[PDB]
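The block underneath contains the structure these notes are about, expressed in structure tokens.
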Amino acid sequence: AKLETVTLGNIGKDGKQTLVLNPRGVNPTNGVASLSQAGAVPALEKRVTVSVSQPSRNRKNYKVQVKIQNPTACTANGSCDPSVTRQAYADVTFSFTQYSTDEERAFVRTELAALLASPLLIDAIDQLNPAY
Amino acid sequence: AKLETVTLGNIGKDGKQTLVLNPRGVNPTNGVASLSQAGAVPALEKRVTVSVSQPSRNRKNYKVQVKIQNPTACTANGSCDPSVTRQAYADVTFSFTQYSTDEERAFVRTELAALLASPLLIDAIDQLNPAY
Amino acid sequence: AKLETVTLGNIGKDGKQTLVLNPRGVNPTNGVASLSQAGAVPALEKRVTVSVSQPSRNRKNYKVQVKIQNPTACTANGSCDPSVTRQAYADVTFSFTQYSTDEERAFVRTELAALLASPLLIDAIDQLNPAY
Amino acid sequence: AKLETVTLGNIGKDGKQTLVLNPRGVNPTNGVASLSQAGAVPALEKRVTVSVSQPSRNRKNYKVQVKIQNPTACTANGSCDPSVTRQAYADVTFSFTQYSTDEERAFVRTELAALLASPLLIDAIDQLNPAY
Amino acid sequence: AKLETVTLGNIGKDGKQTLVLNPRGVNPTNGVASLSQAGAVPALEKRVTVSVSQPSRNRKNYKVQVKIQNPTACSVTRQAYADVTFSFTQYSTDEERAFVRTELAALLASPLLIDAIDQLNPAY
Amino acid sequence: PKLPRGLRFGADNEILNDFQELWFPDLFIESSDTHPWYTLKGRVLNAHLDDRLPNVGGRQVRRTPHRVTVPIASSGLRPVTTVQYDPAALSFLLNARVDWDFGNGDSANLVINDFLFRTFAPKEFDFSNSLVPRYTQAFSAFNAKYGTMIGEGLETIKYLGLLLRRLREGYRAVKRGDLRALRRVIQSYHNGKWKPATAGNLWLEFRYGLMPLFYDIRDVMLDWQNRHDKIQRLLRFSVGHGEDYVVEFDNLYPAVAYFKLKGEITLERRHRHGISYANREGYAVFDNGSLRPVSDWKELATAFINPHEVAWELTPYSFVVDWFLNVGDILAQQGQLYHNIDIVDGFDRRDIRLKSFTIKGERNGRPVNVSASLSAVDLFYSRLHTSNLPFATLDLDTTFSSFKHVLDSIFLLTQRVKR
RNA sequence: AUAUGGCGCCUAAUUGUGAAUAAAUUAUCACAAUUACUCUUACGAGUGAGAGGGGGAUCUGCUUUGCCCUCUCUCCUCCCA
């Protein structure tokens, strides 16, 4: 899991924008690696945090956490510094047993991606229409 | 001290096996580098960890821990994937002063290595024979 | 696990010195055998203790403890008897299950040996360099 | 509430120094007034705080307190900022029974004034000598 | 009065050694320029401070002060120091000032003051 | 040109630090001779020699010019300066007294002065592998080593805010005008059912009727200043490791091939690195021309306890509102100390320093005896600014956002106070 | 059971002098000093670490040192009744 520049292509409603995320320092207090946009200011605006808690007397049950956070901002007519008027964000949480297999984890990843790609979730998020 | 594929050569009773530990990563929450045998199932990989603790206000001493983890497969004749049945541990704990020397501490290392090679420790570990 | 004179050669940074430890009396209060420098006084300076704890209510789960101590001493310019200025020490603790077997025990010990011999640990505590 | 200007005279051993104290306010908590010299500097301005109490619960006798500060104002101090070097404390405390008299209070008052004016207390306050 | 490196040659009992004094920061709290040994450590040991106090409500009467300080160590075990103070009136002339400087230098180089400084013997 | 080399102007003509020159200066070569002459005094082989010949042949060192900085933060932290001095060859004066009495009429005794020698300088070295590890553990124990003080500071500042809120309530009661309702706070300190005695007054029951409040305010704001001091001192992490490296100097002949001089020189090289932290927005443009001092912090606290104050009888309202406003000003000023705290500066330094030495003369049967003292002239010193930090940092923004929130809230509260 | 969780035991100490047994040690007690490294081991100096206090310390400073100034105290600790 080397940290470096991540180029997220074919994204958006029409799948034409691209996102470039550089890494930053990893949170020592809880071991969380972070990327943010290439910058400059949007680096401290958009964030992508990833952590993997390994087993313990509390963990059994590896837990992989993936948070994404996009602040929508703008500039008042007369102001200079943009203010954040909104905050979108999402959290993905995988829980795997110690006997889990890379096999299993991989198809899980791919199934989640394909579901996100499927029309169902497409309209369920894009339009917030429940399945009916 | 960059992490890297560690290939331990002749190994075991007759001295003919070999071990290949891939660098996993380094938990910074406690500053500990992790190595693991190449596999798929975390529960059945040979694991090793190294940490070096600097002298603090309540310690004031150099510490270095090396931990070694050897689970056994005990795969059943079908019916599901293998299950861990036994686990061998090794815990090595070097500790020195602020003023100690690379000389001293290399010397005591190679001392420990030679000791683990010597016939006494051989039967004191292998055969479980009390030192006498 | 017979006690007798132990000759560890190829010791130090360059692996050229040699250390000859003679045996001593087995501590009956806890059953611990011990070896010490050939002498005279260093016999009471540098120590290498061997312990084999058998199962019990508290144990399960044999243990084997190996504790090495090397006190660095010096003579003040004017004094006679050398006083200990620093002291180095290490402890290895092997824990084996009651069904453990010699093959795996030897596997573990020689793996410790090669790890100690590997670039990793040698850098990690000749220089106190966590793998980074 | 004391709001009176006091034009003092016969200050110092020579008796040719004069001083003026102008009110600065009242402290509506403990029945305390405040008076100062004309100026704008702590060291150059001498403090006079009189205070009068009445019985409430903790005590059954009056209290007339008087605290005078006569700081030594130095001219040459590296700039035009006359600071203080010797703080002159003068603390006077009285205690009168609720059945005393204005006659008795005036008696103690005049006796204090006369002793201060006489060459009795001058030798003990200025030259610092014991009663031979 | 530019501040720069000063090479004092022919100094000592027999006029052989040399002192290299490089300048430092002029003390803004009192406007005094400083020079110190070539270094490294002797820079904070040896000191030569120069100031020219112009007239004030207490001065009138320019006062040019030159202080020299030599600490001898082996921790500083001894400290020698000297101070020269020239007081010159406003109508004083540079003729007068150079006369005074040169006279004082010729005195310090004259036998009497070498006798009274080096061996510390009063003129008797 | 107007400002010194390492300075530049901003948008509104404000003094600012010129990063392009601070971090990427113009090196230049210099060959300024310091002591290009040596003097021998004494007698050698029955010949008194007191000439004065040169010793320096050729000099070349790269270095940076002189620069100036200005603090880029309220606490007064200054930015680091890139400096270089990498002489092609070292330099060490030797004021030795060579002398040796040989047989068959061969004696020598004299003293050398201003005699130097050039030798190799080991510039190629890097202890990054040894220094980088010594940050992770320090950061991990940091919160375990100062979380106590940080927490007590967080509670102290909230307690200050609470005190100011109660004071604001009292002042608003004063402004609206009421004698009995004004005692809402008076009942919060006496710990007792205080009864009235006569008809009081607004300003009278507020000027010192709140002495416990004033004492508490003074004490805990001095408390916060003291902890603040340490806390900002805690935003810097410098660590270095030193090692010894003995070197040999080529042969040299102070005289005309009359005796050889050899030996050894003991030096140590230490690699050091220091990481800092401060704001990530205004660090580049920090107004140094408009800020309040630190003494007024004590001034305001002691003002209400000062029993010398005439404005209580002319314009209580103005003085109290100014008290509020200046407190809010200082609070906002210190607020920037905790907004977006990240890596802002980083320097790496490599320096060589002598410790000891040895001298050995050898011309015929080891006849020379040397008893000298060594001193260096030129030492390798290279300090470079770096922005690439190849390791997990301790981003201290999340742990300070609370303090920033608190100060902003308190500033809003105090600025809300009107005449 | 690794990380770490639990159990127990333990704490300022070192050196020297008194008593110590008939005679020698001599723990217990008392008595006297020590406390971090380098420097002569003389006095004392330097540095690292921490603790506390005072100063209020930004404008055009140096820097072969990386950075608020200074005073005081400690080198098994800190806190309460």
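In the structure tokens, the first chain shown is A, the next is B, and so on; residue numbers restart at 1 for each chain, and ligands run from 1 in the order shown.
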
DSSP-assigned helix (DSSP H, G or I) members of stretch 166-413 of chain F, reported as an mmCIF file with C-alpha atoms, in the first residue's frame:
data_model
loop_
_atom_site.group_PDB
_atom_site.id
_atom_site.type_symbol
_atom_site.label_atom_id
_atom_site.label_comp_id
_atom_site.auth_asym_id
_atom_site.auth_seq_id
_atom_site.Cartn_x
_atom_site.Cartn_y
_atom_site.Cartn_z
ATOM 1 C CA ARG F 166 -20.246 36.267 33.475
ATOM 2 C CA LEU F 167 -18.529 39.654 33.354
ATOM 3 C CA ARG F 168 -20.437 40.469 30.173
ATOM 4 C CA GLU F 169 -23.690 39.578 31.916
ATOM 5 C CA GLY F 170 -22.827 41.955 34.738
ATOM 6 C CA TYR F 171 -21.938 44.735 32.315
ATOM 7 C CA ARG F 172 -25.139 44.262 30.332
ATOM 8 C CA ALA F 173 -27.058 44.498 33.592
ATOM 9 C CA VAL F 174 -25.180 47.745 34.266
ATOM 10 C CA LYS F 175 -26.007 49.131 30.818
ATOM 11 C CA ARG F 176 -29.698 48.270 31.013
ATOM 12 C CA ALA F 181 -30.953 42.501 39.339
ATOM 13 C CA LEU F 182 -27.307 43.547 38.992
ATOM 14 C CA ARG F 183 -26.497 41.207 41.910
ATOM 15 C CA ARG F 184 -26.995 38.086 39.780
ATOM 16 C CA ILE F 186 -22.714 39.059 43.259
ATOM 17 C CA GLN F 187 -24.531 35.990 44.546
ATOM 18 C CA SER F 188 -22.126 33.767 42.562
ATOM 19 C CA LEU F 204 -20.563 51.363 42.842
ATOM 20 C CA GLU F 205 -21.889 47.792 42.856
ATOM 21 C CA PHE F 206 -19.748 46.906 39.831
ATOM 22 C CA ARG F 207 -16.445 48.763 40.184
ATOM 23 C CA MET F 211 -13.359 41.514 43.515
ATOM 24 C CA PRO F 212 -13.455 37.676 43.563
ATOM 25 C CA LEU F 213 -14.276 37.715 39.856
ATOM 26 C CA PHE F 214 -11.410 40.103 39.135
ATOM 27 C CA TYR F 215 -8.950 38.023 41.138
ATOM 28 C CA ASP F 216 -10.075 34.844 39.391
ATOM 29 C CA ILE F 217 -9.769 36.499 35.985
ATOM 30 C CA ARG F 218 -6.281 37.784 36.664
ATOM 31 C CA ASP F 219 -5.069 34.508 38.085
ATOM 32 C CA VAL F 220 -6.351 32.197 35.392
ATOM 33 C CA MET F 221 -5.360 34.487 32.522
ATOM 34 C CA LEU F 222 -1.824 34.610 33.920
ATOM 35 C CA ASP F 223 -2.198 30.835 34.136
ATOM 36 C CA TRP F 224 -3.144 30.680 30.460
ATOM 37 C CA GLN F 225 -0.290 32.947 29.415
ATOM 38 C CA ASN F 226 2.177 30.745 31.266
ATOM 39 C CA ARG F 227 0.846 27.546 29.697
ATOM 40 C CA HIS F 228 0.611 29.278 26.322
ATOM 41 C CA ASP F 229 4.300 30.109 26.516
ATOM 42 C CA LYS F 230 5.275 26.472 26.997
ATOM 43 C CA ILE F 231 2.761 25.250 24.455
ATOM 44 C CA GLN F 232 4.187 27.327 21.628
ATOM 45 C CA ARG F 233 7.645 26.342 22.782
ATOM 46 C CA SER F 295 2.354 43.319 28.558
ATOM 47 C CA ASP F 296 -1.161 44.626 27.992
ATOM 48 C CA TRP F 297 -2.177 41.033 28.705
ATOM 49 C CA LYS F 298 -1.188 41.665 32.322
ATOM 50 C CA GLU F 299 -2.328 45.291 32.116
ATOM 51 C CA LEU F 300 -5.972 44.458 31.463
ATOM 52 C CA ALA F 301 -5.983 41.780 34.150
ATOM 53 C CA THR F 302 -4.641 44.158 36.783
ATOM 54 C CA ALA F 303 -6.689 47.162 35.648
ATOM 55 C CA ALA F 311 -12.001 56.828 34.435
ATOM 56 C CA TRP F 312 -14.553 55.182 36.744
ATOM 57 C CA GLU F 313 -15.697 58.746 37.585
ATOM 58 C CA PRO F 316 -16.815 53.933 33.044
ATOM 59 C CA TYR F 317 -18.520 52.781 29.859
ATOM 60 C CA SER F 318 -15.654 53.704 27.543
ATOM 61 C CA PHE F 319 -12.972 52.157 29.733
ATOM 62 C CA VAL F 320 -14.853 48.899 30.274
ATOM 63 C CA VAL F 321 -15.742 48.513 26.588
ATOM 64 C CA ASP F 322 -12.118 49.184 25.665
ATOM 65 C CA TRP F 323 -11.116 46.503 28.164
ATOM 66 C CA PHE F 324 -13.421 44.086 26.362
ATOM 67 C CA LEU F 325 -12.225 45.112 22.924
ATOM 68 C CA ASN F 326 -8.520 44.829 23.689
ATOM 69 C CA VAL F 327 -9.039 41.446 25.336
ATOM 70 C CA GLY F 328 -10.791 40.274 22.192
ATOM 71 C CA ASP F 329 -7.987 41.725 20.076
ATOM 72 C CA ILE F 330 -5.269 39.856 21.957
ATOM 73 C CA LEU F 331 -7.400 36.716 21.815
ATOM 74 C CA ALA F 332 -7.824 36.914 18.045
ATOM 75 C CA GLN F 333 -4.127 37.645 17.648
ATOM 76 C CA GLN F 334 -3.144 34.519 19.547
ATOM 77 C CA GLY F 335 -5.807 32.600 17.646
ATOM 78 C CA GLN F 336 -3.678 32.467 14.513
ATOM 79 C CA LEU F 337 -1.206 30.356 16.501
ATOM 80 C CA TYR F 338 -3.570 27.391 16.152
ATOM 81 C CA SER F 401 -8.919 23.134 16.257
ATOM 82 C CA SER F 402 -10.659 23.072 19.627
ATOM 83 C CA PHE F 403 -8.507 25.912 20.929
ATOM 84 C CA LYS F 404 -9.126 27.874 17.732
ATOM 85 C CA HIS F 405 -12.868 27.304 18.108
ATOM 86 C CA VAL F 406 -12.735 28.457 21.723
ATOM 87 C CA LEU F 407 -10.831 31.642 20.961
ATOM 88 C CA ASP F 408 -13.113 32.497 18.051
ATOM 89 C CA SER F 409 -16.182 32.007 20.232
ATOM 90 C CA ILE F 410 -14.725 34.160 22.987
ATOM 91 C CA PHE F 411 -13.784 36.890 20.520
ATOM 92 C CA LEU F 412 -17.319 36.851 19.144
ATOM 93 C CA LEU F 413 -18.640 37.098 22.687
#

| task | Hey, list the chain B side of the contact with chain C: 7 Å cut-off, only C-alpha atoms, answer as number ranges by chain. | result | B: 1-3, 8, 11-13, 33, 51-52, 86, 88-97, 100, 102-103, 105-107, 110-111, 113-114, 116, 120, 123-127, 129-132

Dump of N, CA and C atoms for the selected residues, as a compact mmCIF listing (two decimals), in the first residue's frame:
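And here's again_35.txt as it stands now:
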# COMPACT_ATOMS: atom_id res chain seq x y z
N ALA B 1 18.03 1.33 7.53
CA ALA B 1 17.32 0.10 7.98
C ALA B 1 16.06 -0.13 7.16
N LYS B 2 16.04 0.40 5.94
CA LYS B 2 14.88 0.25 5.06
C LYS B 2 14.36 -1.18 5.07
N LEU B 3 13.04 -1.29 5.16
CA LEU B 3 12.41 -2.59 5.05
C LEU B 3 12.68 -3.18 3.68
N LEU B 8 16.03 -15.47 4.83
CA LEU B 8 16.81 -16.22 5.80
C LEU B 8 17.14 -17.58 5.21
N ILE B 11 18.02 -23.18 7.57
CA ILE B 11 17.15 -22.95 8.71
C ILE B 11 16.56 -24.28 9.12
N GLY B 12 16.40 -24.47 10.42
CA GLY B 12 15.76 -25.66 10.95
C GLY B 12 16.77 -26.67 11.46
N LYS B 13 16.30 -27.91 11.62
CA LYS B 13 17.11 -28.95 12.23
C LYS B 13 18.35 -29.24 11.40
N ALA B 33 8.04 -2.20 12.83
CA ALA B 33 8.05 -2.71 11.46
C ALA B 33 7.65 -4.17 11.44
N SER B 51 10.94 -3.30 16.81
CA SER B 51 10.73 -1.95 17.29
C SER B 51 11.98 -1.50 18.05
N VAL B 52 12.23 -0.20 18.02
CA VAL B 52 13.29 0.43 18.80
C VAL B 52 12.67 1.61 19.54
N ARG B 86 -1.52 -24.35 16.90
CA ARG B 86 -0.40 -24.09 17.78
C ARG B 86 0.34 -22.89 17.25
N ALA B 88 4.11 -20.81 17.98
CA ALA B 88 5.38 -20.63 18.66
C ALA B 88 5.74 -19.16 18.67
N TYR B 89 6.27 -18.70 19.80
CA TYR B 89 6.65 -17.31 19.99
C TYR B 89 8.14 -17.22 20.27
N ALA B 90 8.75 -16.14 19.78
CA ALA B 90 10.08 -15.76 20.23
C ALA B 90 10.10 -14.27 20.50
N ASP B 91 10.69 -13.89 21.63
CA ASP B 91 10.66 -12.50 22.09
C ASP B 91 12.06 -12.13 22.56
N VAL B 92 12.75 -11.30 21.79
CA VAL B 92 14.10 -10.88 22.09
C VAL B 92 14.07 -9.40 22.44
N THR B 93 14.81 -9.03 23.48
CA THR B 93 14.63 -7.75 24.15
C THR B 93 16.00 -7.16 24.48
N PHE B 94 16.55 -6.37 23.57
CA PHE B 94 17.82 -5.72 23.83
C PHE B 94 17.58 -4.38 24.52
N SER B 95 18.41 -4.06 25.51
CA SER B 95 18.29 -2.79 26.22
C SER B 95 19.67 -2.29 26.61
N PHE B 96 19.92 -1.01 26.33
CA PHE B 96 21.23 -0.42 26.56
C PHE B 96 21.04 1.01 27.04
N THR B 97 22.15 1.66 27.37
CA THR B 97 22.11 3.00 27.93
C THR B 97 22.36 4.06 26.86
N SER B 100 26.00 3.85 25.65
CA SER B 100 26.59 2.62 25.18
C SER B 100 27.13 2.80 23.76
N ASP B 102 28.05 1.18 19.74
CA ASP B 102 27.85 0.22 18.66
C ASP B 102 28.72 -1.01 18.87
N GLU B 103 29.96 -0.81 19.31
CA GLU B 103 30.81 -1.94 19.66
C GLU B 103 30.11 -2.89 20.60
N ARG B 105 27.15 -3.30 21.49
CA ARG B 105 25.83 -3.83 21.22
C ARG B 105 25.83 -4.75 19.99
N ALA B 106 26.74 -4.50 19.05
CA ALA B 106 27.06 -5.53 18.06
C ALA B 106 27.63 -6.77 18.72
N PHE B 107 28.50 -6.57 19.71
CA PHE B 107 29.15 -7.72 20.33
C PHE B 107 28.12 -8.59 21.02
N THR B 110 26.04 -10.59 18.40
CA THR B 110 26.71 -11.78 17.90
C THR B 110 26.87 -12.80 19.01
N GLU B 111 26.95 -12.34 20.26
CA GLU B 111 26.89 -13.25 21.39
C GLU B 111 25.60 -14.05 21.38
N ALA B 113 23.56 -14.60 18.92
CA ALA B 113 23.53 -15.48 17.76
C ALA B 113 24.33 -16.75 18.02
N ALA B 114 25.56 -16.59 18.48
CA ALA B 114 26.38 -17.75 18.77
C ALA B 114 25.75 -18.62 19.84
N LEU B 116 22.49 -19.01 20.44
CA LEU B 116 21.42 -19.77 19.81
C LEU B 116 21.96 -20.87 18.91
N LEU B 120 24.28 -26.09 23.88
CA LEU B 120 23.44 -25.96 25.07
C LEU B 120 22.03 -25.53 24.68
N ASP B 123 19.70 -28.14 22.80
CA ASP B 123 18.82 -29.10 23.46
C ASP B 123 17.97 -28.45 24.54
N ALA B 124 18.31 -27.23 24.95
CA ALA B 124 17.47 -26.56 25.94
C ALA B 124 16.19 -26.03 25.31
N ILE B 125 16.18 -25.85 24.00
CA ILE B 125 14.99 -25.40 23.29
C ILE B 125 14.38 -26.58 22.56
N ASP B 126 15.16 -27.17 21.66
CA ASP B 126 14.66 -28.28 20.86
C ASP B 126 14.11 -29.40 21.73
N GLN B 127 14.97 -29.97 22.57
CA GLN B 127 14.58 -31.10 23.40
C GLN B 127 13.86 -30.71 24.68
N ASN B 129 15.16 -29.78 27.30
CA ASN B 129 15.95 -30.34 28.39
C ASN B 129 16.36 -29.24 29.35
N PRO B 130 16.01 -29.32 30.63
CA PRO B 130 16.46 -28.29 31.57
C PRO B 130 17.97 -28.21 31.60
N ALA B 131 18.48 -26.98 31.69
CA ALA B 131 19.92 -26.78 31.63
C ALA B 131 20.57 -27.49 32.81
N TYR B 132 21.13 -28.67 32.55
CA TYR B 132 21.83 -29.43 33.57
C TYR B 132 22.46 -30.68 32.97

| task | Extract the full set of strand (DSSP E or B) residues from stretch 94-186 of chain F according to DSSP on the backbone, and format it as a VMD selection string. | result | chain F and resid 94 99 to 102 106 to 113

Counting only C-alpha atoms, which residues of chain F sit at most 9 Å from some atom of chain A, and what is each one's closest atom pair with its distance in Å to one decimal, listed by chain and rising residue number, as a tab-separated table?
residue	atom	partner	partner_atom	distance
F:136	CA	A:28	CA	7.6
F:139	CA	A:28	CA	7.5
F:140	CA	A:28	CA	6.6
F:143	CA	A:29	CA	8.5
F:340	CA	A:44	CA	8.9
F:389	CA	A:25	CA	8.7
F:390	CA	A:25	CA	8.7
F:391	CA	A:25	CA	6.9
F:392	CA	A:25	CA	4.6
F:393	CA	A:25	CA	5.1
F:394	CA	A:28	CA	6.5
F:395	CA	A:27	CA	7.1

Interface rows for chain G against chain A: nearest pair, Å to one decimal, 10 Å, only C-alpha atoms (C1' of nucleotides), as JSON lines:
{"residue": "G:1", "atom": "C1'", "partner": "A:57", "partner_atom": "CA", "distance": 9.4}
{"residue": "G:2", "atom": "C1'", "partner": "A:56", "partner_atom": "CA", "distance": 9.3}
{"residue": "G:3", "atom": "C1'", "partner": "A:56", "partner_atom": "CA", "distance": 7.6}
{"residue": "G:4", "atom": "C1'", "partner": "A:56", "partner_atom": "CA", "distance": 8.5}
{"residue": "G:5", "atom": "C1'", "partner": "A:57", "partner_atom": "CA", "distance": 8.5}

| request: Excluding stretch 53-67 of chain G and any residue of its chain fewer than 4 positions from it, enumerate the residues within 6 Å of it, using only C-alpha atoms (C1' of nucleotides), and give them as a ChimeraX atom specification. | output: /F:288,294-295,379

For the residues selected in the previous step, produce a file with N, CA and C atoms as a short mmCIF file (atom, residue, chain, number, x, y, z; two decimals), in the first residue's frame.
data_model
loop_
_atom_site.label_atom_id
_atom_site.label_comp_id
_atom_site.auth_asym_id
_atom_site.auth_seq_id
_atom_site.Cartn_x
_atom_site.Cartn_y
_atom_site.Cartn_z
N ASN F 288 3.58 42.23 10.66
CA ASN F 288 4.41 42.57 11.81
C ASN F 288 4.26 44.02 12.24
N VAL F 294 2.66 42.02 24.59
CA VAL F 294 2.29 40.97 25.53
C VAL F 294 2.04 41.53 26.93
N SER F 295 2.55 42.73 27.24
CA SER F 295 2.35 43.32 28.56
C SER F 295 0.92 43.74 28.80
N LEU F 379 35.83 25.66 9.17
CA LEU F 379 35.07 24.45 9.47
C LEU F 379 33.90 24.31 8.51
#

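Nearest to chain G of all the residues E:27, E:56, E:89, E:61 is E:27, counting only C-alpha atoms (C1' of nucleotides).
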
| task | For chain F, report every residue with an atom at most 9 Å from chain G (counting only C-alpha atoms (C1' of nucleotides)), formatted as a ChimeraX atom specification. | result | /F:3-4,15,66-71,75-81,83,85,274,288-289,291,293-295,347,351,377-381

| message | One number please: atom CA of residue F:376 to atom CA of residue F:262, in Å, one decimal. | response | 16.7 Å

| Restricting the calculation to only C-alpha atoms, which member of F:93, F:149, F:27, F:261 is positioned closest to chain E? | F:93

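Atom CA of residue F:269 is positioned 4.4 Å from atom CA of residue F:352.
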
| query | Counting only C-alpha atoms (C1' of nucleotides), which residues from chain E have an atom at most 10 Å from any atom of chain G, and could you show them as a PyMOL selection string? | reply | chain E and resi 24-25+40+75-76

If we count only C-alpha atoms (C1' of nucleotides) and set the cut-off at 12 Å, which residues sit around residue F:260, ignoring sequence neighbours fewer than 2 positions away in its own chain? Please answer as a compact mmCIF listing (two decimals) with N, CA and C atoms, in the first residue's frame.
# COMPACT_ATOMS: atom_id res chain seq x y z
N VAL F 98 58.85 24.05 18.09
CA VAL F 98 59.72 22.94 17.70
C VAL F 98 61.07 23.10 18.36
N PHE F 249 46.77 14.69 8.01
CA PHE F 249 47.22 15.83 7.23
C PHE F 249 48.49 15.47 6.49
N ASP F 250 48.60 15.94 5.25
CA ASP F 250 49.80 15.68 4.47
C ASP F 250 51.03 16.25 5.17
N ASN F 251 52.20 15.84 4.69
CA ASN F 251 53.43 16.35 5.25
C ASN F 251 53.60 17.82 4.90
N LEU F 252 54.33 18.53 5.76
CA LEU F 252 54.58 19.95 5.60
C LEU F 252 55.93 20.28 6.23
N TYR F 253 56.53 21.38 5.77
CA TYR F 253 57.89 21.77 6.13
C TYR F 253 57.91 23.25 6.48
N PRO F 254 57.63 23.61 7.74
CA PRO F 254 57.66 25.03 8.10
C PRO F 254 58.99 25.68 7.76
N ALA F 255 60.08 24.95 7.92
CA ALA F 255 61.40 25.44 7.59
C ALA F 255 61.73 25.04 6.15
N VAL F 256 62.99 25.21 5.75
CA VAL F 256 63.44 24.79 4.43
C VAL F 256 63.91 23.34 4.53
N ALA F 257 62.96 22.41 4.51
CA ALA F 257 63.26 20.98 4.54
C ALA F 257 64.22 20.64 5.68
N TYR F 258 63.93 21.19 6.87
CA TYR F 258 64.75 20.91 8.05
C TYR F 258 64.13 19.90 9.00
N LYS F 262 54.11 15.39 11.28
CA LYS F 262 53.03 14.45 11.00
C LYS F 262 52.21 14.27 12.27
N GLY F 263 51.13 13.52 12.14
CA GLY F 263 50.25 13.27 13.26
C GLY F 263 48.83 13.03 12.77
N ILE F 359 50.43 15.23 17.22
CA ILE F 359 51.54 15.69 16.39
C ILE F 359 52.72 14.76 16.61
N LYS F 360 53.45 14.46 15.53
CA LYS F 360 54.60 13.57 15.61
C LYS F 360 55.63 14.01 14.59
N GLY F 361 56.81 14.39 15.07
CA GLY F 361 57.90 14.82 14.21
C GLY F 361 58.89 13.68 13.99
N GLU F 362 59.32 13.53 12.74
CA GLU F 362 60.14 12.40 12.33
C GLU F 362 61.04 12.81 11.18
N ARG F 363 62.34 12.95 11.46
CA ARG F 363 63.30 13.28 10.42
C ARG F 363 64.53 12.39 10.47
N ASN F 364 65.01 12.10 11.68
CA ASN F 364 66.15 11.19 11.85
C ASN F 364 66.06 10.64 13.28
N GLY F 365 65.56 9.41 13.39
CA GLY F 365 65.47 8.76 14.68
C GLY F 365 64.45 9.36 15.62
N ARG F 366 63.42 10.01 15.08
CA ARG F 366 62.41 10.63 15.93
C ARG F 366 63.13 11.59 16.86
N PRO F 367 63.72 12.66 16.33
CA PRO F 367 64.42 13.63 17.19
C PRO F 367 63.56 14.79 17.67
N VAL F 368 62.41 15.03 17.04
CA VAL F 368 61.60 16.21 17.33
C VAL F 368 60.76 15.96 18.58
N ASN F 369 60.53 17.03 19.35
CA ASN F 369 59.60 17.01 20.48
C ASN F 369 58.62 18.15 20.31
N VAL F 370 57.33 17.83 20.30
CA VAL F 370 56.28 18.80 20.03
C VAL F 370 55.34 18.87 21.23
